[PDB]
Amino acid sequence: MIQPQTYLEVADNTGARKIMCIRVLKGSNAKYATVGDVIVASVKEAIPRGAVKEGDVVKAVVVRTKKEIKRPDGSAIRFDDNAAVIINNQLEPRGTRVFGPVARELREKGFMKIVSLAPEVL
Amino acid sequence: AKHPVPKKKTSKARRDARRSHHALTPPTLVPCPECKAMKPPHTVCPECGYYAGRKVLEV
Amino acid sequence: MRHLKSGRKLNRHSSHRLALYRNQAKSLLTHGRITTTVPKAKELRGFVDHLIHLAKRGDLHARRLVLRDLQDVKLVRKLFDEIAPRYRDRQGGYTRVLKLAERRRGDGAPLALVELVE
Amino acid sequence: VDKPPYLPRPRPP
Amino acid sequence: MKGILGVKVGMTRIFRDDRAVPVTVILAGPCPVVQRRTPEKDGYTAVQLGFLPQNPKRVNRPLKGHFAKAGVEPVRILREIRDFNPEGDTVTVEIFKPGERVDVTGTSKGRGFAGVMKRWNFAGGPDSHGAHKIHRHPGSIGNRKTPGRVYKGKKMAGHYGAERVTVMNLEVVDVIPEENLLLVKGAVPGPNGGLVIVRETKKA
Amino acid sequence: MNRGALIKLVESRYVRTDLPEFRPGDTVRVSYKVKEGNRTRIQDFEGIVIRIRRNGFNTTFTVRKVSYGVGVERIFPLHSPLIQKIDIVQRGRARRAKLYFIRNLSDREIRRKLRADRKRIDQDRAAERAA
RNA sequence: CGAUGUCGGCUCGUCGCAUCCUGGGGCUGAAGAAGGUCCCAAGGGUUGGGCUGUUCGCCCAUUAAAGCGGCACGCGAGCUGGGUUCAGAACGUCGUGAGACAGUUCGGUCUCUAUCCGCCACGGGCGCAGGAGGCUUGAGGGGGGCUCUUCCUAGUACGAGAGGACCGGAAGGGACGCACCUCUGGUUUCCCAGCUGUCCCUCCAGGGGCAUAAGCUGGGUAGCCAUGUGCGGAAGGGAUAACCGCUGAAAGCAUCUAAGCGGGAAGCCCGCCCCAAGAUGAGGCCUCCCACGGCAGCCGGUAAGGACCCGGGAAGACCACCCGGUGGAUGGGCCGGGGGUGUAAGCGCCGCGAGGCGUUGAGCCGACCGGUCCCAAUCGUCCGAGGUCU
RNA sequence: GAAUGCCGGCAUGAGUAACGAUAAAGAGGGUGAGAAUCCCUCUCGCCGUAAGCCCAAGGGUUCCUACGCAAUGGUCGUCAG
RNA sequence: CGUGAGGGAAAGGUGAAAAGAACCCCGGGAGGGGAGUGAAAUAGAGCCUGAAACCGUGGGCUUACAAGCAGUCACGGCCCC
Ligand SMILES: [Mg+2]
Ligand SMILES: [Mg+2]
Ligand SMILES: [Mg+2]
Ligand SMILES: [Mg+2]
Ligand SMILES: [Mg+2]
Ligand SMILES: [Mg+2]
Ligand SMILES: [Mg+2]
Ligand SMILES: [Mg+2]
Ligand SMILES: [Mg+2]
Ligand SMILES: [Mg+2]
Ligand SMILES: [Mg+2]
Ligand SMILES: [Mg+2]
Ligand SMILES: [Mg+2]
Ligand SMILES: [Mg+2]
Ligand SMILES: [Mg+2]
Ligand SMILES: [Mg+2]
Ligand SMILES: [Mg+2]
Ligand SMILES: [Mg+2]
Ligand SMILES: [Mg+2]
Ligand SMILES: [Mg+2]
Ligand SMILES: [Mg+2]
Ligand SMILES: [Mg+2]
Ligand SMILES: [Mg+2]
Ligand SMILES: [Mg+2]
Ligand SMILES: [Mg+2]
Ligand SMILES: [Mg+2]
Ligand SMILES: [Mg+2]
Ligand SMILES: [Mg+2]
Ligand SMILES: [Mg+2]
Ligand SMILES: [Mg+2]
Ligand SMILES: [Mg+2]
Ligand SMILES: [Mg+2]
Ligand SMILES: [Mg+2]
Ligand SMILES: [Mg+2]
Ligand SMILES: [Mg+2]
Ligand SMILES: [Mg+2]
Ligand SMILES: [Mg+2]
Ligand SMILES: [Mg+2]
Ligand SMILES: [Mg+2]
Ligand SMILES: [Mg+2]
Ligand SMILES: [Mg+2]
Ligand SMILES: [Mg+2]
Ligand SMILES: [Mg+2]
Ligand SMILES: [Mg+2]
Ligand SMILES: [Mg+2]
Ligand SMILES: [Mg+2]
Ligand SMILES: [Mg+2]
Ligand SMILES: [Mg+2]
Ligand SMILES: [Mg+2]
Ligand SMILES: [Mg+2]
Ligand SMILES: [Mg+2]
Ligand SMILES: [Mg+2]
Ligand SMILES: [Mg+2]
Ligand SMILES: [Mg+2]
Ligand SMILES: [Mg+2]
Ligand SMILES: [Mg+2]
Ligand SMILES: [Mg+2]
Ligand SMILES: [Mg+2]
Ligand SMILES: [Mg+2]
Ligand SMILES: [Mg+2]
Ligand SMILES: [Mg+2]
Ligand SMILES: [Mg+2]
Ligand SMILES: [Mg+2]
Ligand SMILES: [Mg+2]
Ligand SMILES: [Mg+2]
Ligand SMILES: [Mg+2]
Ligand SMILES: [Mg+2]
Ligand SMILES: [Mg+2]
Ligand SMILES: [Mg+2]
Ligand SMILES: [Mg+2]
Ligand SMILES: [Mg+2]
Ligand SMILES: [Mg+2]
Ligand SMILES: [Mg+2]
Ligand SMILES: [Mg+2]
Ligand SMILES: [Mg+2]
Ligand SMILES: [Mg+2]
Ligand SMILES: [Mg+2]
Ligand SMILES: [Mg+2]
Ligand SMILES: [Mg+2]
Ligand SMILES: [Mg+2]
Ligand SMILES: [Mg+2]
Ligand SMILES: [Mg+2]
Ligand SMILES: [Mg+2]
Ligand SMILES: [Mg+2]
Ligand SMILES: [Mg+2]
Ligand SMILES: [Mg+2]
Ligand SMILES: [Mg+2]
Ligand SMILES: [Mg+2]
Ligand SMILES: [Mg+2]
Ligand SMILES: [Mg+2]
Ligand SMILES: [Mg+2]
Ligand SMILES: [Mg+2]
Ligand SMILES: [Mg+2]
Ligand SMILES: [Mg+2]
Ligand SMILES: [Mg+2]
Ligand SMILES: [Mg+2]
Ligand SMILES: [Mg+2]
Ligand SMILES: [Mg+2]
Ligand SMILES: [Mg+2]
Ligand SMILES: [Mg+2]
Ligand SMILES: [Mg+2]
Ligand SMILES: [Mg+2]
Ligand SMILES: [Mg+2]
Ligand SMILES: [Mg+2]
Ligand SMILES: [Mg+2]
Ligand SMILES: [Mg+2]
Ligand SMILES: [Mg+2]
Ligand SMILES: [Mg+2]
Ligand SMILES: [Mg+2]
Ligand SMILES: [Mg+2]
Ligand SMILES: [Mg+2]
Ligand SMILES: [Mg+2]
Ligand SMILES: [Mg+2]
Ligand SMILES: [Mg+2]
Ligand SMILES: [Mg+2]
Ligand SMILES: [Mg+2]
Ligand SMILES: [Mg+2]
Ligand SMILES: [Mg+2]
Ligand SMILES: [Mg+2]
Ligand SMILES: [Mg+2]
Ligand SMILES: [Mg+2]
Ligand SMILES: [Mg+2]
Ligand SMILES: [Mg+2]
Ligand SMILES: [Mg+2]
Ligand SMILES: [Mg+2]
Ligand SMILES: [Mg+2]
Ligand SMILES: [Mg+2]
Ligand SMILES: [Mg+2]
Ligand SMILES: [Mg+2]
Ligand SMILES: [Mg+2]
Ligand SMILES: [Mg+2]
Ligand SMILES: [Mg+2]
Ligand SMILES: [Mg+2]
Ligand SMILES: [Mg+2]
Ligand SMILES: [Mg+2]
Ligand SMILES: [Mg+2]
Ligand SMILES: [Mg+2]
Ligand SMILES: [Mg+2]
Ligand SMILES: [Mg+2]
Ligand SMILES: [Mg+2]
Ligand SMILES: [Mg+2]
Ligand SMILES: [Mg+2]
Ligand SMILES: [Mg+2]
Ligand SMILES: [Mg+2]
Ligand SMILES: [Mg+2]
Ligand SMILES: [Mg+2]
Ligand SMILES: [Mg+2]
Ligand SMILES: [Mg+2]
Ligand SMILES: [Mg+2]
Ligand SMILES: [Mg+2]
Ligand SMILES: [Mg+2]
Ligand SMILES: [Mg+2]
Ligand SMILES: [Mg+2]
Ligand SMILES: [Mg+2]
Ligand SMILES: [Mg+2]
Ligand SMILES: [Mg+2]
Ligand SMILES: [Mg+2]
Ligand SMILES: [Mg+2]
Ligand SMILES: [Mg+2]
Ligand SMILES: [Mg+2]
Ligand SMILES: [Mg+2]
Ligand SMILES: [Mg+2]
Ligand SMILES: [Mg+2]
Ligand SMILES: [Mg+2]
Ligand SMILES: [Mg+2]
Ligand SMILES: [Mg+2]
Ligand SMILES: [Mg+2]
Ligand SMILES: [Mg+2]
Ligand SMILES: [Mg+2]
Ligand SMILES: [Mg+2]
Ligand SMILES: [Mg+2]
Ligand SMILES: [Mg+2]
Ligand SMILES: [Mg+2]
Ligand SMILES: [Mg+2]
Ligand SMILES: [Mg+2]
Ligand SMILES: [Mg+2]
Ligand SMILES: [Mg+2]
Ligand SMILES: [Mg+2]
Ligand SMILES: [Mg+2]
Ligand SMILES: [Mg+2]
Ligand SMILES: [Mg+2]
Ligand SMILES: [Mg+2]
Ligand SMILES: [Mg+2]
Ligand SMILES: [Mg+2]
Ligand SMILES: [Mg+2]
Ligand SMILES: [Mg+2]
Ligand SMILES: [Mg+2]
Ligand SMILES: [Mg+2]
Ligand SMILES: [Mg+2]
Ligand SMILES: [Mg+2]
Ligand SMILES: [Mg+2]
Ligand SMILES: [Mg+2]
Ligand SMILES: [Mg+2]
Ligand SMILES: [Mg+2]
Ligand SMILES: [Mg+2]
Ligand SMILES: [Mg+2]
Ligand SMILES: [Mg+2]
Ligand SMILES: [Mg+2]
Ligand SMILES: [Mg+2]
Ligand SMILES: [Mg+2]
Ligand SMILES: [Mg+2]
Ligand SMILES: [Mg+2]
Ligand SMILES: [Mg+2]
Ligand SMILES: [Mg+2]
Ligand SMILES: [Mg+2]
Ligand SMILES: [Mg+2]
Ligand SMILES: [Mg+2]
Ligand SMILES: [Mg+2]
Ligand SMILES: [Mg+2]
Ligand SMILES: [Mg+2]
Ligand SMILES: [Mg+2]
Ligand SMILES: [Mg+2]
Ligand SMILES: [Mg+2]
Ligand SMILES: [Mg+2]
Ligand SMILES: [Mg+2]
Ligand SMILES: [Mg+2]
Ligand SMILES: [Mg+2]
Ligand SMILES: [Mg+2]
Ligand SMILES: [Mg+2]
Ligand SMILES: [Mg+2]
Ligand SMILES: [Mg+2]
Ligand SMILES: [Mg+2]
Ligand SMILES: [Mg+2]
Ligand SMILES: [Mg+2]
Ligand SMILES: [Mg+2]
Ligand SMILES: [Mg+2]
Ligand SMILES: [Mg+2]
Ligand SMILES: [Mg+2]
Ligand SMILES: [Mg+2]
Ligand SMILES: [Mg+2]
Ligand SMILES: [Mg+2]
Ligand SMILES: [Mg+2]
Ligand SMILES: [Mg+2]
Ligand SMILES: [Mg+2]
Ligand SMILES: [Mg+2]
Ligand SMILES: [Mg+2]
Ligand SMILES: [Mg+2]
Ligand SMILES: [Mg+2]
Ligand SMILES: [Mg+2]
Ligand SMILES: [Mg+2]
Ligand SMILES: [Mg+2]
Ligand SMILES: [Mg+2]
Ligand SMILES: [Mg+2]
Ligand SMILES: [Mg+2]
Ligand SMILES: [Mg+2]
Ligand SMILES: [Mg+2]
Ligand SMILES: [Mg+2]
Ligand SMILES: [Mg+2]
Ligand SMILES: [Mg+2]
Ligand SMILES: [Mg+2]
Ligand SMILES: [Mg+2]
Ligand SMILES: [Mg+2]
Ligand SMILES: [Mg+2]
Ligand SMILES: [Mg+2]
Ligand SMILES: [Mg+2]
Ligand SMILES: [Mg+2]
Ligand SMILES: [Mg+2]
Ligand SMILES: [Mg+2]
Ligand SMILES: [Mg+2]
Ligand SMILES: [Mg+2]
Ligand SMILES: [Mg+2]
Ligand SMILES: [Mg+2]
Ligand SMILES: [Mg+2]
Ligand SMILES: [Mg+2]
Ligand SMILES: [Mg+2]
Ligand SMILES: [Mg+2]
Ligand SMILES: [Mg+2]
Ligand SMILES: [Mg+2]
Ligand SMILES: [Mg+2]
Ligand SMILES: [Mg+2]
Ligand SMILES: [Mg+2]
Ligand SMILES: [Zn+2]
């Protein structure tokens, strides 16, 4: 459950360590973003010499939320952080690796390359 | 607030119209089947001390 | 709202209301009959019924349970040795409540008696 | 829009 | 049009095709027809249904007369279904097969005197920054000298719920005729034990 | 009318009776039916059950596991048909019913706090001896 | 001027339409797509942030769009009090001075009780020509009315290419609304356990008070809830707006019009959901009582029925509503289940000891689902038709 | 007949706001025409660098006892400064 | 009332005569009802006269589909002389 001002761990090797959501790209006025949704974020913290650097305004898809997400089979799944993967306008990773598990919901929403690159899909 | 106040004195008619609901309802009473005295139902009779056939209480 | 909530509040905070029932329990087990306001009375029934029921168990654990509310060793001895036996065959309902016909002068409160059954 | 007030903002008696 | 009386019994989820589906369970049958409203006699078309058997010790004489002219045991509830006229003397859950969509009517839970926030979802007041005993108040209720009054229908605090509510187009998940049971997907107005009406949906 | 029995009656068809008993503190491997387009397979989820909230057919249990450097909690319905099996992998001894506290604990501190429940372990191996 | 409180914000709307979006059009220097420009349209919608007291404005990120105005520049007996009109103090400036400045700066008392109208809820009374218990018709009101993306048709029509449809069809959203609590997630003032200090019971062990109106801490049922779940906007019919026609004169041609007839909007009427016969125009149907005793009236006892009183209630401020009142499961006990807590006390064994182990998923245990006449709803009372006239 | 006139009397608001720290109550016994409110007992709770005790100001019989309850006491009163 | 200088009220009437109501009755008392006194007791001490606002009890007329500075003019109904 991500909203503007929410911080996200970035789960890739783009160089960004932390991003702060400034908009959830899902209609006229979405209040929250969840797994599989795209947000616009400010890069609040990075490591030297990445693709991305502190101050950049980037797009990312959320892959892990601390608020548990519910599934049609009656189950739910929740993570220890809120994480995201930085993308281009084509919904593709800007980096070449993704770290930590990701939500299976990503697959349904055409983030196949990220699902693949993930070490685990839960 | 800014201290509301009656704008006009209430007429004898209007004050008495207000009170058209103020009449007391008389106490509802039933005979005690033992001493035939009048008392409220579902109460131990305060004159003989009987309720539900038996002596319960010292009057 | 109050939807399906059990238990009167009796305009006392949590610990006062507790003390209220305990003290009424002591008085009831002591004198066999007390007079109170109707609401306190209906509310006393269950609280005391449970205490009697444990005295029908008779065992150590139950005595130590009752002592938490009643606090008085002698009164509990009376509970176990004299009171509880009267109810060996009785299946609950060891207390009755009957409303008196006159209200308190100073506040008009309706009164009732709470006594132990025979 | 920022016109000047016409009443002094009330003092107590 | 077709319908039945019933009582709301409670809620669960069952499993169907690896999906958890929330259901309210309704005891609908059996409802005997006790009167038929006819256009010659009444001016419209309906069926008066009876529901839940009653102790005849509690049924007065004018009521007893009504039942007897129908040759029907005394029942607790009478209610009509409009423009519905079953061939039989008795209406049961079997008029609904799983997959059908229905309209359920019940009596909403009663919130008694409800504040303007609970009732009309008002934003209330601020909780700090100087807010003065208006944290749950509704704000302004009007203009000034024009119109110098408050509109009819102004949302204000007052009673809420305990009123007729209908929620529409609910899936019939299953029906268990041997227990007079209906399984409806989703939420149904009112408390467990509440009387509800189940009608064939009006949506397409 | 018994509204409680009716519900139990509705539920009764969907009830599972074939799962092992476990407690908060036990370490469990849940084999869960998963769909991944367009086939369906069994993915295993193994961790400590930190919660069991009971409501008859609607009881559910929460399992916690650390996956590739991140904490993952999964909530399962105890009678879900998407559970193939559950394998007890270890019996842990809790002293409370809900073990949320293990979230702020290191893997070392958890280890100290959730001793092997030797009793129920022996019980497991006490059975597991069938004619 | 024997007072009409004054900017901005917040809250709550409501109206206009010179329309920001969505809907329908004509013209285009309209190939397609996308625009321009005017017309019809007020049903709905019209985002979140940075700056400033700001309205306004610029800016960031989005959007179908980020409309403009009225309502005492709507709304301080609704809130705020940042701006601005007091008293303090300072800067620049003006003044010999006291002081002053559409120049600036920091600070600075915003009043528990609503009589009437109006509004939101809820009752009491009387009426609806016999008196009554039910079930209803719906005059007339209110509610709602939004919209985006992707896919298919089809990389087709159109274009050199880039680009890319109409019509029709299918899926998934955002915001809102109504209900709901199975799930997710909250609370759960005593439902369970752990812990400290102190005082106490009874020395140990075991417990109670207090540390908040729970001492603290970890949990937590029902309820009430949203972050959770179901469902809604329609469909459809009718009549229209701009606009397009058919047939067609006056006026041998032409003309949507003068006779007549079609097509045509998110708009209008109906349809959906809710209120509603005080609809005094007081409606309708089913059933029940009945022809009383004394001089359209009166007094009196009754009938069908009602009320009082009582046990209660996901009903509720009181009132009302609903269920029950011993030919009874209404509440309280008790019992069984659920549920919470997480293995009581006592004892036995082990350890010098704090402890640990077994008995034991034990003991305790609100509300949830039921059973059970053990306790209480004892016993009763008072109202309550005799039907006006053509 | 008016002077927000003066003095007095009586209305309206109204059976309304309130009844002065949220430290807190319950029962049994007694007295009496009358008791939630006075006396006694038991249970409960509050202060305890005080809400206990002793001085000095100031107050001036308020002290003790009997007999009273019209008024005073924010209710009651059999009690009381 | 004010520390003080100082400010500064309200408050008359039984009857000729107390003959100021023995005694009985309800009541804890207050109060009243009889008896009694008096020319008179709604002259009974809360006392000559006893206006008005104000509060009440009984009776006549009237009022629950109606729009108002409350009256006025007309007509009809009902009650009274
Ligand atoms: Mg990471
Ligand atoms: Mg930087
Ligand atoms: Mg950038
Ligand atoms: Mg205030
Ligand atoms: Mg007036
Ligand atoms: Mg007035
Ligand atoms: Mg007047
Ligand atoms: Mg008035
Ligand atoms: Mg009068
Ligand atoms: Mg009035
Ligand atoms: Mg009796
Ligand atoms: Mg509350
Ligand atoms: Mg209940
Ligand atoms: Mg209760
Ligand atoms: Mg309690
Ligand atoms: Mg109660
Ligand atoms: Mg009390
Ligand atoms: Mg209170
Ligand atoms: Mg109290
Ligand atoms: Mg406490
Ligand atoms: Mg005694
Ligand atoms: Mg119990
Ligand atoms: Mg105790
Ligand atoms: Mg009583
Ligand atoms: Mg009474
Ligand atoms: Mg009385
Ligand atoms: Mg009193
Ligand atoms: Mg003022
Ligand atoms: Mg018909
Ligand atoms: Mg019809
Ligand atoms: Mg039909
Ligand atoms: Mg109904
Ligand atoms: Mg509230
Ligand atoms: Mg609320
Ligand atoms: Mg609401
Ligand atoms: Mg708000
Ligand atoms: Mg708020
Ligand atoms: Mg706000
Ligand atoms: Mg705000
Ligand atoms: Mg303030
Ligand atoms: Mg203040
Ligand atoms: Mg406040
Ligand atoms: Mg307000
Ligand atoms: Mg104003
Ligand atoms: Mg007006
Ligand atoms: Mg209601
Ligand atoms: Mg309906
Ligand atoms: Mg559908
Ligand atoms: Mg649907
Ligand atoms: Mg039942
Ligand atoms: Mg059950
Ligand atoms: Mg259930
Ligand atoms: Mg089960
Ligand atoms: Mg089961
Ligand atoms: Mg280590
Ligand atoms: Mg073993
Ligand atoms: Mg002026
Ligand atoms: Mg004036
Ligand atoms: Mg003034
Ligand atoms: Mg004024
Ligand atoms: Mg603002
Ligand atoms: Mg508007
Ligand atoms: Mg226009
Ligand atoms: Mg224009
Ligand atoms: Mg358009
Ligand atoms: Mg448009
Ligand atoms: Mg257009
Ligand atoms: Mg075009
Ligand atoms: Mg062009
Ligand atoms: Mg072009
Ligand atoms: Mg153009
Ligand atoms: Mg032009
Ligand atoms: Mg155009
Ligand atoms: Mg519009
Ligand atoms: Mg409008
Ligand atoms: Mg508008
Ligand atoms: Mg904004
Ligand atoms: Mg900032
Ligand atoms: Mg701002
Ligand atoms: Mg601004
Ligand atoms: Mg401008
Ligand atoms: Mg500006
Ligand atoms: Mg600028
Ligand atoms: Mg556009
Ligand atoms: Mg903006
Ligand atoms: Mg603009
Ligand atoms: Mg505007
Ligand atoms: Mg506006
Ligand atoms: Mg203006
Ligand atoms: Mg304006
Ligand atoms: Mg404005
Ligand atoms: Mg303004
Ligand atoms: Mg404005
Ligand atoms: Mg105002
Ligand atoms: Mg103000
Ligand atoms: Mg203001
Ligand atoms: Mg005003
Ligand atoms: Mg300032
Ligand atoms: Mg100035
Ligand atoms: Mg200064
Ligand atoms: Mg100079
Ligand atoms: Mg100078
Ligand atoms: Mg000057
Ligand atoms: Mg200035
Ligand atoms: Mg200025
Ligand atoms: Mg100036
Ligand atoms: Mg300035
Ligand atoms: Mg300044
Ligand atoms: Mg300051
Ligand atoms: Mg200033
Ligand atoms: Mg200021
Ligand atoms: Mg104010
Ligand atoms: Mg008030
Ligand atoms: Mg009023
Ligand atoms: Mg008025
Ligand atoms: Mg009014
Ligand atoms: Mg009414
Ligand atoms: Mg009414
Ligand atoms: Mg009335
Ligand atoms: Mg008639
Ligand atoms: Mg009739
Ligand atoms: Mg009826
Ligand atoms: Mg209509
Ligand atoms: Mg009307
Ligand atoms: Mg409308
Ligand atoms: Mg949609
Ligand atoms: Mg294509
Ligand atoms: Mg292509
Ligand atoms: Mg091509
Ligand atoms: Mg293709
Ligand atoms: Mg084609
Ligand atoms: Mg071509
Ligand atoms: Mg292309
Ligand atoms: Mg289409
Ligand atoms: Mg959709
Ligand atoms: Mg709306
Ligand atoms: Mg609703
Ligand atoms: Mg619930
Ligand atoms: Mg539940
Ligand atoms: Mg829950
Ligand atoms: Mg939960
Ligand atoms: Mg407890
Ligand atoms: Mg405690
Ligand atoms: Mg300790
Ligand atoms: Mg202790
Ligand atoms: Mg001691
Ligand atoms: Mg000890
Ligand atoms: Mg305790
Ligand atoms: Mg103590
Ligand atoms: Mg404590
Ligand atoms: Mg604290
Ligand atoms: Mg707690
Ligand atoms: Mg405690
Ligand atoms: Mg919790
Ligand atoms: Mg919970
Ligand atoms: Mg709960
Ligand atoms: Mg929500
Ligand atoms: Mg249509
Ligand atoms: Mg048409
Ligand atoms: Mg043409
Ligand atoms: Mg032609
Ligand atoms: Mg022609
Ligand atoms: Mg021609
Ligand atoms: Mg024509
Ligand atoms: Mg013409
Ligand atoms: Mg036409
Ligand atoms: Mg055509
Ligand atoms: Mg539409
Ligand atoms: Mg209706
Ligand atoms: Mg009617
Ligand atoms: Mg009706
Ligand atoms: Mg008529
Ligand atoms: Mg009319
Ligand atoms: Mg009728
Ligand atoms: Mg009809
Ligand atoms: Mg007869
Ligand atoms: Mg006769
Ligand atoms: Mg009679
Ligand atoms: Mg009742
Ligand atoms: Mg309720
Ligand atoms: Mg009640
Ligand atoms: Mg009542
Ligand atoms: Mg009844
Ligand atoms: Mg009876
Ligand atoms: Mg019996
Ligand atoms: Mg009985
Ligand atoms: Mg029986
Ligand atoms: Mg029962
Ligand atoms: Mg029971
Ligand atoms: Mg109860
Ligand atoms: Mg139970
Ligand atoms: Mg259990
Ligand atoms: Mg053990
Ligand atoms: Mg043990
Ligand atoms: Mg040993
Ligand atoms: Mg040893
Ligand atoms: Mg030893
Ligand atoms: Mg149990
Ligand atoms: Mg409950
Ligand atoms: Mg429960
Ligand atoms: Mg039960
Ligand atoms: Mg019995
Ligand atoms: Mg039985
Ligand atoms: Mg007759
Ligand atoms: Mg005739
Ligand atoms: Mg004059
Ligand atoms: Mg004068
Ligand atoms: Mg004056
Ligand atoms: Mg004045
Ligand atoms: Mg004046
Ligand atoms: Mg003067
Ligand atoms: Mg005066
Ligand atoms: Mg007065
Ligand atoms: Mg009152
Ligand atoms: Mg008032
Ligand atoms: Mg009040
Ligand atoms: Mg006061
Ligand atoms: Mg009060
Ligand atoms: Mg006080
Ligand atoms: Mg005072
Ligand atoms: Mg007090
Ligand atoms: Mg208090
Ligand atoms: Mg305390
Ligand atoms: Mg109290
Ligand atoms: Mg006493
Ligand atoms: Mg006594
Ligand atoms: Mg004596
Ligand atoms: Mg005596
Ligand atoms: Mg007393
Ligand atoms: Mg007394
Ligand atoms: Mg007291
Ligand atoms: Mg203490
Ligand atoms: Mg000390
Ligand atoms: Mg201290
Ligand atoms: Mg003095
Ligand atoms: Mg003295
Ligand atoms: Mg006195
Ligand atoms: Mg007195
Ligand atoms: Mg007295
Ligand atoms: Mg005296
Ligand atoms: Mg007094
Ligand atoms: Mg006082
Ligand atoms: Mg005395
Ligand atoms: Mg004395
Ligand atoms: Mg003394
Ligand atoms: Mg002096
Ligand atoms: Mg005089
Ligand atoms: Mg004289
Ligand atoms: Mg003289
Ligand atoms: Mg005497
Ligand atoms: Mg006497
Ligand atoms: Mg006497
Ligand atoms: Mg006395
Ligand atoms: Mg006397
Ligand atoms: Mg006398
Ligand atoms: Mg004489
Ligand atoms: Mg003479
Ligand atoms: Mg006399
Ligand atoms: Mg006279
Ligand atoms: Mg005289
Ligand atoms: Mg006088
Ligand atoms: Mg004289
Ligand atoms: Mg006189
Ligand atoms: Mg006089
Ligand atoms: Mg008078
Ligand atoms: Mg009169
Ligand atoms: Mg009319
Ligand atoms: Mg009339
Ligand atoms: Mg009138
Ligand atoms: Mg007029
Ligand atoms: Mg006139
Ligand atoms: Zn008697």
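Results, tabulated for the structure shown:
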| quantity | calculated |
| --- | --- |
| Any hit, region E:56-72, residues being under 25 Å from E:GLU200 (Cβ atoms) and touching a residue at least 12 places away in the same chain (Cβ under 8 Å) | yes |
| Some residue of region B:9-20 being more than 19 Å from the chain's Cα centre (by Cα), under 30 Å from C:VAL114 (Cα atoms) and more than 16 Å from ligand 33 (Cβ to nearest atom) | no |
| Filter result (surrounded by 11 or more Cβ atoms within 10 Å (Cβ to Cβ) and either in a helix (DSSP H, G or I) or over 27 Å from the mean Cα position of the chain (by Cα) (or both)) within region E:51-64 | E:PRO56, E:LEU63, E:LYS64 |
| Subset tally (residues that are free of Cβ contacts under 8 Å to residues at least 40 places away in the same chain and within 11 Å of ligand 35 (Cβ to nearest atom)) for region E:89-134 | 4 |
| Scan of region A:36-57 for residues that are farther than 16 Å from A:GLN5 by Cβ and not acidic (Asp, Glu), ordered by number | A:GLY36, A:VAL38, A:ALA46, A:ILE47, A:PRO48, A:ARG49, A:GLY50, A:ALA51, A:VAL52, A:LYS53, A:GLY55 |
| Strands (runs of 3 or more DSSP E) completely within region A:51-111 that count 2 or more residues being without any contact (Cβ under 8 Å) to a residue 24 or more places away in the chain and either away from chain F (no Cβ under 12 Å) or within 12 Å of the chain's Cα centre (by Cα) (or both) | none |
| Per-region count, region C:1-59, residues surrounded by fewer than 11 Cβ atoms within 10 Å (Cβ to Cβ) and on the phi > 0 side of the Ramachandran plot | 3 |
| Subset of region B:12-35 that is within 13 Å of chain C (Cβ to nearest Cβ) and among the aliphatic types (A, V, I, L, M) - its residue that is nearest to ligand 26 (Cβ to nearest atom) | B:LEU29 |
| Residue identified as under 31 Å from the mean Cα position of the chain (by Cα), surrounded by 10 or more Cβ atoms within 10 Å (Cβ to Cβ) and either within 12 Å of ligand 36 (Cβ to nearest atom) or of a type outside the set (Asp, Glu) (or both) among E:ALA162, E:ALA131 | E:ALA162 |
| Candidates E:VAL165, E:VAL175 - the one that is part of a strand (DSSP E or B) and out of contact with any helix residue (DSSP H, G or I) (no Cβ under 7 Å at 6 or more places or on another chain) | E:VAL165 |
| Residues of region F:71-114 satisfying the condition of being more than 14 Å from every other protein chain (Cβ to nearest Cβ), farther than 30 Å from E:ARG13 by Cα and acidic (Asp, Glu) | F:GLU109 |
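Per-residue answers, yes or no, for (1) of a type in the set (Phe, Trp, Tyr); (2) in contact with a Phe, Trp or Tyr (Cβ under 6 Å, 6 or more places away or on another chain); (3) under 28 Å from F:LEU82 (Cα atoms):
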position	(1), (2), (3)
A:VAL62	no, no, yes
A:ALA83	no, no, yes
A:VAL98	no, no, no
A:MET112	no, no, yes
A:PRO119	no, yes, yes
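For (1) surrounded by fewer than 20 Cβ atoms within 10 Å (Cβ to Cβ); (2) within 15 Å of the chain's Cα centre (by Cα); (3) small (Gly, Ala, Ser), each residue gets a yes or a no:
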residue: F:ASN2; (1), (2), (3): yes, no, no
residue: F:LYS35; (1), (2), (3): yes, no, no
residue: F:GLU46; (1), (2), (3): yes, yes, no
residue: F:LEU82; (1), (2), (3): no, yes, no
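Values in this text are rule-based calculations from the coordinates and carry no lab data. No Cβ is skipped: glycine too gets one built from the backbone with ideal geometry, and neighbour counts run over all protein chains shown.
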